[PDB]
Protein chains: 4
Amino acid sequence: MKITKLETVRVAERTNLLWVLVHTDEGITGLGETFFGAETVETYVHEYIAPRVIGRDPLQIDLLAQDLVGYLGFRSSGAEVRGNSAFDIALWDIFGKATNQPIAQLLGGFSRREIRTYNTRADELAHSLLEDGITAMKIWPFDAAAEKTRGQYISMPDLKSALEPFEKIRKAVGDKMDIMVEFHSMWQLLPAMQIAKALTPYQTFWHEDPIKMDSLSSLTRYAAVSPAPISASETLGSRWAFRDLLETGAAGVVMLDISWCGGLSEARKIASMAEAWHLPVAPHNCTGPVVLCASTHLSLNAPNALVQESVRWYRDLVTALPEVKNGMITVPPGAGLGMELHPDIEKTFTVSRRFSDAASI
Amino acid sequence: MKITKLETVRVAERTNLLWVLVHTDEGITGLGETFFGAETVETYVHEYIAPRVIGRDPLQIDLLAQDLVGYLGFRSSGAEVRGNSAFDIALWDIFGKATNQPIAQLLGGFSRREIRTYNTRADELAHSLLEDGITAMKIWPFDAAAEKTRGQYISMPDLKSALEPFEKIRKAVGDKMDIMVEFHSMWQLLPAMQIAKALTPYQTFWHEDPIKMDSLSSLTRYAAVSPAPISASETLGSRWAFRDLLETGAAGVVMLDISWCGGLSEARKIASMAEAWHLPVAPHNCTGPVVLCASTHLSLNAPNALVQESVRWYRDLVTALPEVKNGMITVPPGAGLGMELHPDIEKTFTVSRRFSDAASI
Amino acid sequence: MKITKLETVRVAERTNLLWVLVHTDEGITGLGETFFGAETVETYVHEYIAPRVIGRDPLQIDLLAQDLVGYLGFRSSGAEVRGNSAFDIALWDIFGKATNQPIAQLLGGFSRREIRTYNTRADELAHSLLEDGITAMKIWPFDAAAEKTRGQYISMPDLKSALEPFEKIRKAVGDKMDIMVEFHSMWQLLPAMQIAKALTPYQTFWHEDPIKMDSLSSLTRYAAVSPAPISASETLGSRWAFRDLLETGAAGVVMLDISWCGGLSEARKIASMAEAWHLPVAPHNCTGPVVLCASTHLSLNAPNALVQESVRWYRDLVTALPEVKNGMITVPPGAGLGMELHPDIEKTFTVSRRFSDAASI
Amino acid sequence: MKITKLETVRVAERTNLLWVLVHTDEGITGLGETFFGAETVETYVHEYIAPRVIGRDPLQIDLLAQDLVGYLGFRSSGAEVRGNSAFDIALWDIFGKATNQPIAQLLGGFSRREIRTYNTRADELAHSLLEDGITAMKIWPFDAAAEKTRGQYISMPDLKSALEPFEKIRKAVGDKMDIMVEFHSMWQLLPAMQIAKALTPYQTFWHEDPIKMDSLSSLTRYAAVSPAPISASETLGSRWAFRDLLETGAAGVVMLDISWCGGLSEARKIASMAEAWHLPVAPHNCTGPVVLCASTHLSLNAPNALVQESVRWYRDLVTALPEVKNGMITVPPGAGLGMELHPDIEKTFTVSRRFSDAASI
Ligand SMILES: [Cl-]
Ligand SMILES: [Cl-]
Ligand SMILES: [Cl-]
Ligand SMILES: [Cl-]
């Protein structure tokens, strides 16, 4: 079969989301998705990807991934890579539909049928999560302090204030809840280290993106004082960035976002490499439903998948969703992703579509 | 003063080029430029930069550079960074116009009034260049071989064929010409090393982008066998990527493209850092006239600028150009860049413009 | 324009201070300043700088900095460098006056309009500072013990005595005050490490110059045990010394004194390099008013400036001073520094001046 | 005994030279010397050293060396260190006179009674030197090329021209002459490496100061390609700079100048440390007669002294000189240096003297 058209879809009600639909001459359409800079990525999909992939065999997934790597903008989570990643997800959806297999199977099998999930007044939230069988939560109480000083400094009183949610959670539920801390790369090295040390009494599970992930050797300074492993990083793209992270000797939980890192194609390889370092992987969500679903496929396959993040309107965008039951998530049934865009989407949302085909490229 | 409008300009006759014009409430308009993915970068300029910079003081150059660094797509030469870089160049143009000073002065002074240039049948070309006082030339005779095997392999007969231009140049002009070799990041490590060793007899000046610049630690393997210093890399963005390059201990000639690396703002800092390593800088051109001009300003200021690359239609795009005389290049006279878009541009070219202002963001 | 005369000024009432005035043929006079060895630096200014700079264009700042680097005495804070640094500050003052711009603007813009300051019975002092909105203080209670043994040893009773001010401050104001510790490079490695460990309970903010900064690799031993980041070092000169510091992997807060390190020219480059390491800069004062002012310009520009040290007679030396309001400091208004030597100086002080011109060199 | 007066002496006919005379209450006067910035160092001697040493016991040599180390300007060859070094040489002269022993004896004995020397149309010079029994010569034919480009670049034709003296020397005398190459720290890293490789055919003995000695880790890059050991460096001061050099793993011949590095006191310790690395020392001269003489004392004592550089008017400045016979140099006879300032100096030269005593400090 051959790719005939690239279709991009946006909704005015959710401006960060972009869907990429890959049509074929066999009537099999693949669905992909990415998040942030939707208009920019959309332009890229039609300007750059379309003339390179119209007429091509979509089953040559590894080759197509290689053919879209840019002279510029590689090893990053920039617009080009986000576009490439969304396209790659759609190719896996096509491959699944063509073989009548779930993506998890095509990755090498369901190593598990479901996986533990985590979600993002802290003590009441903690109680509520536990009762629903969820035993991990991620919070980011230092972001407000970071914005005040652009991450160069935190006063001890502001630090103490930001520790209060941890004390509240521990007072409420004790050791029953894993607490992950997200820093959103907002801090410079010294205050990051200061905050890390201060978190020691609270038995935190991981410290995610404690500094900007642009010179990874700096992470060794952080690992030397951090009471929790470094979680890094949804902001990194390609297996080459992850080689660099692993070679620091400071890597902990390996985080990636399949729509930001080069697709399921790069993600599956990053995961197998992380396993060689005896480290786990945790694919990023809380963006769109397709990324949640495709990430769940990866998490059911990868032997070193630790947890699959999930959201505590998705139902109006797509035909089916991953299901969460007693704190565990699994994929919707069926070939490929196990979902498509909802038929009623243009009546619930304000939809814009753009097409490329043989005539337009 | 305050930024009032962002204007982007493209020409159908040169699809890779994008101009960014920053208008102010004082009637001072700054001109910036970047290359590759013009439509994509244009979308980004209006989607991301405009709502962040309309109403802002353009003289806070370092702050504006900081404020545009993305959560994703940083430390790269991707679309976001290219947009940011073009914008940054325009800010320097404004700063120059507001102070009635050339950009080279605002960077810290004219450390030289002109700088040596280089240009990209090889023996006849060499003779011709020398007669015009140009004593360096850059060639890329291995690219065809790379495309054949996607850079995994080169046969000895193909290697021998690609060495012929070097033999021709040396036979014609002997030691009078520096020969730079560009590889365009097309090769994997092993054939790159094989080619490097084979170039030994030809006394090459630098070996530019011999492999992909995505895991820089691999450059140590190359430096161990290369008869010429590594030139790297116009494909790298931000001073953080250049910190990583310098820390390999394999850095040679530090190459950057001001419109791909974060602007004059990041470029000037990369250059001063390279000097701390006793290494030179060589700003990339042969793209558009504004990048050539702004690069020349940087090259006249930076004490460690080694050469300024130049082209052997520019005249119809802008009002003035850098001048080359006896193999040396200098800036056009005047404040800022010393150039603006040509008044007659819409009659020579097929021009498209897009605007953002307070009403549209 | 061209430099016509170099003028040096000293006052008998403040023997450590030296001013350098750079006169031009356009009547624009630049003011610079340095501290320590005033007579020696003055001799150097006339013996070495004058014959090299009379007749030169002062706007070629980077070039003039390069031209004054000595065959001997480089990469240091010695007399030659102090002279060069004072001269460099005067060049920036000229550049500002010629363009009608504050120095902070010429460095790349006001990234902030004001910056947090710190000042040097400890509990009462702490209370007083907080009420004036100052939330950081620097103390050096170990110096007396160091002098007793030339820094080779501290008895446990003497250590305990030197910890008392920290206990007093914490008892009085708790976590509301950052406490910086200065050691003035008075200690050898082992007692420095012993003292560092003993400071753990007091949550110190930084440990400044804990040992002599002459073999920087020794700092790794200190960083391995110190509960606070290393602050280093006002005693280091040139970006090359700071490259060496950064490459230890033990660098913390990057301290410099613009009049000891090579001027605003070297300082601005040291700051941008430190940012590549995700570290902050803190320019040294409590010397003379011109250094305080020029340092404040740097601190308003450098995105990674953390704090600007200040004094808790300046008013009789110069025409205007940086202003402190609610613990924040900013520059005086106007082009260049925004200050000149006070017209009434020869009536408040015992003034000595020396001149070099075309006739004397 | 106690120091009573410090006397400095300069001659208008040799502006780079400075003598320091240390008078005592026992009538024993010590003679020291340094080179470069004579007026500046003279000011320092009276401003800084005098008030610290008048009234002190000159025999406490190690203690006095320690007491003069500056808060600023240490680990350098700057004015303060040059002053300290000249003073230290005078202390050794006093110690010698007080004990009726040559300085070489006080250092630990005459390990040799004489040492090989070297001197600085090349082929005719080589012949002449050999006939006088001198079998090493140092040349610096690359300096003119360095000045042209401030050390950033050398054209192949200029490189070829600078190699001609080596070809001339080898054609004339073959392998009979060791050829040392001095670069005077004039080159950046890349051209330094290029020049080093090009010198391979000429069997050079050492490559001295191939780059600036300000970030010594860069020397590893040079050592990886140099066909001769690195000679470094007369520009470095204190044993701490030499620790840094040794720790690079690239050190070769250890060069120092006793009047630039901290005196015989630091020099003797640098030499013993270099021996621990199985490396030789070569004390710098061709400055003044006192430095030549004191260096020769060091060279006769230090078991790892390799050669003592010498000049091919000294006789009118001092009472006695080191003697060269058949390419070997030895000290003049007598206690201390074995020389004093010539009695007739004020009639051959234009002499200026300055004094400090108990009344003036
Ligand atoms: Cl590891
Ligand atoms: Cl290096
Ligand atoms: Cl570090
Ligand atoms: Cl060694």
Of the residues D:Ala224, D:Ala196, D:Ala276, D:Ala241, only one is crowded, with 18+ Cβ neighbours inside 10 Å, more than 12 Å from chain C (Cβ to nearest Cβ) and more than 16 Å from ligand 3 (Cβ to nearest atom); which?
D:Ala196
Flagged in the stretch D:122-137 as in contact with a strand residue (DSSP E or B) (Cβ under 8 Å, 6 or more places away or on another chain) and either part of a helix (DSSP H, G or I) or on the phi < 0 side of the Ramachandran plot (or both), in numbering order, are D:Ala122, D:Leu125, D:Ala126, D:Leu129, D:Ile134, D:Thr135, D:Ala136, D:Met137
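Let's see how each residue does on (1) among the charged types (D, E, K, R); (2) buried (at least 21 other Cβ atoms within 10 Å of the Cβ):
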residue: A:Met1; (1), (2): no, no
residue: A:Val9; (1), (2): no, yes
residue: A:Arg14; (1), (2): yes, no
residue: A:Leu18; (1), (2): no, yes
residue: A:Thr29; (1), (2): no, no
residue: A:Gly37; (1), (2): no, yes
residue: A:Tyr44; (1), (2): no, yes
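Applying the selection to the stretch C:227-238, what residues are touching a helix residue (DSSP H, G or I) at 6+ places or on another chain (Cβ under 7 Å) and facing chain D (nearest Cβ under 10 Å)? Lay out the reasoning, then the answer.
So the first thing to find is which residues in the stretch C:227-238 are touching a helix residue (DSSP H, G or I) at 6+ places or on another chain (Cβ under 7 Å), and the list is C:227, C:229-230, C:232, C:236-238.
Those that are touching a helix residue (DSSP H, G or I) at 6+ places or on another chain (Cβ under 7 Å) and facing chain D (nearest Cβ under 10 Å): C:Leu236, C:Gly237, C:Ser238.
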How many of the residues making up the stretch C:244-265 are within 13 Å of chain D (Cβ to nearest Cβ) and farther than 23 Å from C:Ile61 by Cβ?
6
Per-region count, the stretch D:227-237, residues surrounded by fewer than 24 Cβ atoms within 10 Å (Cβ to Cβ) and either within 22 Å of the chain's Cα centre (by Cα) or within 16 Å of ligand 1 (Cβ to nearest atom) (or both):
2
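When you check D:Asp209 against the structure, is it surrounded by 22 or more Cβ atoms within 10 Å (Cβ to Cβ), away from ligand 4 (no atom under 16 Å from the Cβ) and on the phi > 0 side of the Ramachandran plot, yes or no?
Working: surrounded by 22 or more Cβ atoms within 10 Å (Cβ to Cβ): yes; away from ligand 4 (no atom under 16 Å from the Cβ): yes; on the phi > 0 side of the Ramachandran plot: yes.
Against the criterion (surrounded by 22 or more Cβ atoms within 10 Å (Cβ to Cβ), away from ligand 4 (no atom under 16 Å from the Cβ) and on the phi > 0 side of the Ramachandran plot), D:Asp209 qualifies.
Test B:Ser185 against the criterion of being in contact with a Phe, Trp or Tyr (Cβ under 8 Å, 6 or more places away or on another chain), assigned by CATH to the domain that holds B:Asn119 and more than 17 Å from A:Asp244 (Cβ to Cβ), and give yes or no.
Values: in contact with a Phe, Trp or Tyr (Cβ under 8 Å, 6 or more places away or on another chain): yes; assigned by CATH to the domain that holds B:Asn119: yes; more than 17 Å from A:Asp244 (Cβ to Cβ): no.
When the stated conditions are applied, B:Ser185 does not pass them.
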Please list, ordered by residue number, the strands (runs of 3 or more DSSP E) wholly in the stretch D:162-255 having 2 or more residues that are farther than 19 Å from C:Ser76 by Cβ and either of a type in the set (A, V, I, L, M) or within 16 Å of ligand 2 (Cβ to nearest atom) (or both).
D:178-182
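Condition check: of a type outside the set (S, T, N, Q) and within 14 Å of chain B (Cβ to nearest Cβ). Does D:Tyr118 satisfy that? Walk me through it before giving the result.
Values: of a type outside the set (S, T, N, Q): yes; within 14 Å of chain B (Cβ to nearest Cβ): no.
It is false that D:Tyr118 is of a type outside the set (S, T, N, Q) and within 14 Å of chain B (Cβ to nearest Cβ).
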Taking first residues from the stretch D:220-249 that are under 16 Å from D:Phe183 (Cβ atoms) and second residues anywhere that are more than 16 Å from ligand 2 (Cβ to nearest atom) and charged (D, E, K, R), the pairs with Cβ under 6 Å that are 6 or more apart or on different chains are D:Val225/D:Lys197; D:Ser231/D:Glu208; D:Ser233/D:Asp209; D:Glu234/D:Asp257
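Please return the ranges of helices (runs of 4 or more DSSP H) entirely within the stretch D:1-107 where 1 or more residues are within 14 Å of chain C (Cβ to nearest Cβ) and among the β-branched types (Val, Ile, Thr). Step through it out loud before you land on a result.
Details: elements: D:38-44, D:50-53, D:61-67, D:79-99, D:103-106.
Hits in the stretch D:1-107: D:38-44, D:79-99.
Of C:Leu59, C:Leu106, C:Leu64, which residue is in the same structural domain as C:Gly133 (by CATH) and under 23 Å from B:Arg113 (Cα atoms)? First the steps, then the outcome.
Values: C:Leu59 fails: in the same structural domain as C:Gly133 (by CATH); C:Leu64 fails: in the same structural domain as C:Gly133 (by CATH).
Exactly one residue qualifies, and that residue is C:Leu106.
Suppose we filter the stretch C:327-353 for residues that are in a loop (DSSP other than H, G, I, E, B) and closer than 26 Å to C:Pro58 by Cα; how many remain? It would help to see each step written out before you state the result.
First, the residues of the stretch C:327-353 that are in a loop (DSSP other than H, G, I, E, B): C:327, C:331-335, C:337-340, C:342-344, C:349-350.
Those left that are additionally closer than 26 Å to C:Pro58 by Cα: C:331-335, C:337-340, C:342-343.
Residues in the stretch C:327-353 being in a loop (DSSP other than H, G, I, E, B) and closer than 26 Å to C:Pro58 by Cα: 11 in total.
All of this is worked out from the model, or read from it or from the source named; these are not laboratory values. So basically every Cβ, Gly included, is an ideal-geometry build from the backbone, and we count neighbours across all protein chains shown.
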